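Here is what each chain is made of, one letter per residue.
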Amino acid sequence: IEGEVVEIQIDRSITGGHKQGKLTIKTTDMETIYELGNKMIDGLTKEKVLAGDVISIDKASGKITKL
Amino acid sequence: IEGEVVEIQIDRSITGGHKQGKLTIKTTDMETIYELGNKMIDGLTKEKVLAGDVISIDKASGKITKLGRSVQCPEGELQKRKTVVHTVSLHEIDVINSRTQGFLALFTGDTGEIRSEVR
Amino acid sequence: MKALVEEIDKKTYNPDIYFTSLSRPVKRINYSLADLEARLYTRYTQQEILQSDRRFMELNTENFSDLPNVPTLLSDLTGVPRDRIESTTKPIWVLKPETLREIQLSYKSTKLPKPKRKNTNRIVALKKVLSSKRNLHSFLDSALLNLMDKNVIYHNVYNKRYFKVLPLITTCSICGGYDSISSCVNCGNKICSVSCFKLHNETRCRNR
Amino acid sequence: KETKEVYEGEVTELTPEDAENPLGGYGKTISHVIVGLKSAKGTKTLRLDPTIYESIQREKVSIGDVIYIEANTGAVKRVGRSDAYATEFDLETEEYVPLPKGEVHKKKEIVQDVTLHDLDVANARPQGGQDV
Amino acid sequence: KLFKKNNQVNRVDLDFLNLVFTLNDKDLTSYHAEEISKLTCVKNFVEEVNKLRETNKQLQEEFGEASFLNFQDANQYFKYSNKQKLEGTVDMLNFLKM
Amino acid sequence: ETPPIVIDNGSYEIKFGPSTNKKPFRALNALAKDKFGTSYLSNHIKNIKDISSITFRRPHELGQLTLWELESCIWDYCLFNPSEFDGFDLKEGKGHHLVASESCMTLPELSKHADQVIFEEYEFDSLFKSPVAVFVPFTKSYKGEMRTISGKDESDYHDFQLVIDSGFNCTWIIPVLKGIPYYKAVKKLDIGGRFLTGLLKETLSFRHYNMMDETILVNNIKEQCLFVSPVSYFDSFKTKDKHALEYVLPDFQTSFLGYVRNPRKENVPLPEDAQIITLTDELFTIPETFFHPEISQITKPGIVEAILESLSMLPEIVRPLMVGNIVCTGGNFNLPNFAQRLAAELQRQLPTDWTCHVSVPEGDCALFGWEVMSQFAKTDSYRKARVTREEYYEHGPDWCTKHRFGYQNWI
Ligand SMILES: Nc1ncnc2c1ncn2[C@@H]1O[C@H](COP(=O)(O)OP(=O)(O)O)[C@@H](O)[C@H]1O
Ligand code: BEF
Ligand SMILES: [Mg+2]
Ligand SMILES: [Zn+2]
Ligand SMILES: [Zn+2]
């Protein structure tokens, strides 16, 4: 799953501790919104992404790769 | 510079100054005080130095050399002009430039077929 | 070489401070009561500023005769009390009617005047201006000049922000050498060579 | 033949800029760092991303040191302290370097000729990596 | 130290040109490399260069004969501004090319 | 009188002459009396015999002139001595027109005194007085020999012109726009001929016996064998042994004034019993106070700080334009390589996009300024600028110095 990310929001203050944040991924033809779990947040904290970047996520192992 | 050292004072950091250090080196002809700008303070604190012993300070290299205790006598001006001449063979130069630490191979003998482009 | 184990006393040793030390041997004592009471009761400070400007104004003078009159003018310009700065800071007429007639005879060699006089108030003001004999100080403390005008003329033309941009330069106090700089033990003056140190000791080492 | 551009000169000032918006994606980081460079022909200011700032911080450079910035690889090396501060202290371990020529930023190319055997040796014996 | 005489005049990094590829396998995969080669951001710098050079040529044909001239720009609030704008846009186009 | 007279009131020297004349007539502004009490006129000072102990008295104080009678006497001597100055002769000056140069920050009291004196005592028909800075933008009206120095490189009048001067009294930094100086951004420096002369006297007294009682000899030494550092203080210090000069003090029995002996040349092989003083460090140390005041143990900012402050006070729109047109005037700039070093130092602190340009006249700068105001008088704008006597009579004496020739009007 490869696509530029629009923006990432995490509720670090409303609940705190992987409050199931959401991020939007945009392609030239399509764009959707995904729900992210605790392990997603933990993995995304490493290799921090500040949106506006093209990344590819692995469907099987959930590996974060910054293109 | 070199000579008998009679006074060394070193202070910790304050908002007024990061590091203030004064030392007094006395020779047969001279005795004055220099100002230590942090780095030489760290160098002098690296090894224990006691007043009254003959030491030599190389300003360019920033290293400390102790010539003994006052056994010897001073001679004159602290700072003097001199040149140091080194005799080195071509093989030693090749070995030094052939490795990360080549000068050790000068003694261990593990140079191991220095490359021709190096020569 | 380096000693791996060193004896250390807890209350004595402190990494913050490192200190080492070694006809009749007697230290120097200042016997000036004024200096002693000054010490007891008390980017450069105002004292250094005052000393520097006093030295600058003394050097700016062209004649020895005007030297004692300089501090009064300096105090008037700076606004500090005159006698106070004169006492606290240690340093380091023009017209005569007979001289007037002498200069008359001096340039009487060639002159082409056209004398003509009428009794008017403007002529009275002209005579008053021509025969003035008023020092610049007399004009300075005169109430004719507005305080704002004086502030603009004196305290406004001087720059205020850029105190210093170029790097500081320190040289030998005697010969101007820079490669070897060594502060004097007593008076703290920077010295370079043997001859310079010897010349400083007896002449310029006032605090010695 | 390859073309490289280099920013060099004495460090006048450096200033980290921290954005006030957490944005959720990070805890604390500097948005950019502004550094001014001075040389004989003139002075210039620069805006650097956090990577170059981390590199120069690792280089342990304060105000008054002549540095060397490579635009291609982001390489940062400290040439030394400018000779203008030679008289700052009576003695100093650090050597002093004269202020560089050129305004701040220079463009140049290198026509170094290298045989293929050196390429093979470099490929077989890499020099990179900070690993033990 | 004596042997570390300046070499940047006649040296090449040799890693910027991708001649040390032997260590690329430690962190890069084949498909990501192929995608990153396919997804080059080229033809965008060309568009920006064209969009800047349009105004550059407009300003040129307008006043560039005497804009960059030192004598004309010595005492002129408008000609000097035009010259400095031309220098600035030239610098941006060169930086974009680099 | 169609051709006006050109007068330059200077603290050290007075430059006067008709607009038709190409060069001004040099005349000092001071009265010298020997120890015995014999006083000599300014122009006769060079004709005296003894230069050992001289007391100098001049109307010009550090700020302005306060003793007007002495100035009037000097002006009468300089204006009504046709034998003293060849060709020149002033009978009455009723119909003559006068253009005068005064201090840019003269006190209003002394300004009105000057106006009254010149208008009534001399009976001048028309007058236009202004600081020397105002006349400089008019150099574009004529073609002359002008040298230019680039820091980056290794009507008729012009609106944009930054004028910097270093006179005997002090040093001023004046930004001028549209021919009207920007008095708010004007910066001054206390460095002047007096400071340099006194510093040379003190340095020589430290390195030799005491000559602070002697001022003419020290002034001649400074004007003869003083130069600024070509590159930096350290470079001059390292080669100071090569750059060594020896001055032979004059002997009252033989020579009134001494001469400089250079060891390199052999064209002066005659021995002389009189002693010779060698000068190595003082040749460039004294001029270095302009850039590094710390050498002279003073806390003054310096020339570059003053220039930066003046530029900062100016609006940002015209800041780059000012440094593109910089001209140097004054007798202190006659020292060699001063202009190029100044340009390099100022360009070093300037941003890269801004280019430093410095223009410097050849020869003495005082004569250049005199010719400058002469050319301004020749200009048609002077006719509209000059003020008639009848208008001054109609108005109050303070109105002229508060409206036309007063800096407060332009504040
Ligand atoms: N040949 C020379 N070399 C060096 N300095 C000189 C020379 N001639 C004059 N000067 C200096 O220039 C100054 C003259 O300043 P000047 O322009 O007369 O000021 P003002 O016009 O206010 O009287 C003197 O102080 C003198 O020291
Ligand atoms: F007032 Be000065 F000496 F030009
Ligand atoms: Mg003057
Ligand atoms: Zn010395
Ligand atoms: Zn001392």
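Residues numbered from 1 in each chain as written, not as in the entry; some residues may be left out. Chains lettered and ligands numbered in written order. Part of a larger assembly, values for the part shown. Heavy atoms only, no water. Residues with missing side-chain atoms left out of burial classes, pairs and counts.

Going by the header, the method for this PDB entry is cryo-EM, and the resolution given is 3.8 Å.

Here we take up the pattern of salt bridges. Residue and element names in this part refer to chain A. All told, the structure shown has 37 salt bridges over all chains when counted by the stated rule. A salt bridge links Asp53 to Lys66, with the nearest nitrogen and oxygen atoms 3.3 Å apart. Of this pair, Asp53 sits in the loop between helix 1 (38-45) and strand 4 (54-57) while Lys66 sits in strand 5 (residues 64-66), placing them 13 residues apart in sequence. Given the relative accessible area of 19%, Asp53 is considered buried. (Salt bridge = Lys/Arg side-chain N within 4 Å of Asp/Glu carboxyl O. Helix = DSSP H or I, 4+ residues; strand = E, 2+ residues; numbered from the N terminus. Buried < 20%, exposed > 50% of the residue type's maximum accessible area, 1.4 Å probe, protein only.)

Before going further, it helps to spend a moment on the site of ligand 1. Residues and elements named next belong to chain F. Around ligand 1, the structure places 14 residues, and the nearest of them are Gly10, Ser11, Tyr12, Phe168 and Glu223. Between ligand 1 and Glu223 there is a distance of 3.0 Å, counted from a nitrogen atom to a backbone nitrogen or oxygen. Between an oxygen atom of ligand 1 and a main-chain N or O atom of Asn332, the distance comes to 3.5 Å. Contact with the protein chains hides 82% of the accessible area of ligand 1, taken as 580 Å² for the molecule alone. At the level of elements, strand 2 (13-18) and helix 5 (216-225) are the ones that each hand at least two residues to the shell around ligand 1. For the shell around ligand 1, the leading source of residues is helix 5, giving 3 residues. (Near = heavy atom within 4 Å. Polar contact = N/O pair within 3.5 Å; in protein donor to acceptor, adjacent residues only side chain to side chain. Areas by Shrake-Rupley, 256 points an atom, 1.4 Å probe, with all protein chains shown as cover.)

Before going further, it helps to spend a moment on the interface of chain C and chain F. On the side of chain F, 77 residues touch chain C, which itself brings 62 residues to the contact. Buried surface at the junction of chain C and chain F, summed over both partners, amounts to about 6,600 Å²; 61% is from carbon and sulfur atoms. When the area that chain C buries against chain F is broken down by residue, the three leading residues are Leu166, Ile169 and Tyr178 of chain C, summing to 10%. At the junction of chain C and chain F, the tally comes to 4 salt bridges. Linking chain C to chain F there are 22 residue pairs in polar contact. Among the elements of the structure, helix 2 (46-60), helix 5 (97-107), helix 6 (121-130), helix 7 (136-140) and helix 8 (147-156) of chain C are those that each provide at least two residues to the side of chain C that touches chain F. (Contact = heavy atoms within 4.5 Å. Buried area = accessible area lost by both parts, 1.4 Å probe.)

On to unusual backbone geometry, then. Even without being a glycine, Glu113 of chain B presents a positive backbone phi close to 60°. Structurally, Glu113 of chain B is set in the segment after helix 3 (105-108). Judged by its relative accessible area of 79%, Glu113 of chain B is exposed. The phi torsion at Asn337 of chain F lies on the positive side, around 60°, for a residue other than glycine.

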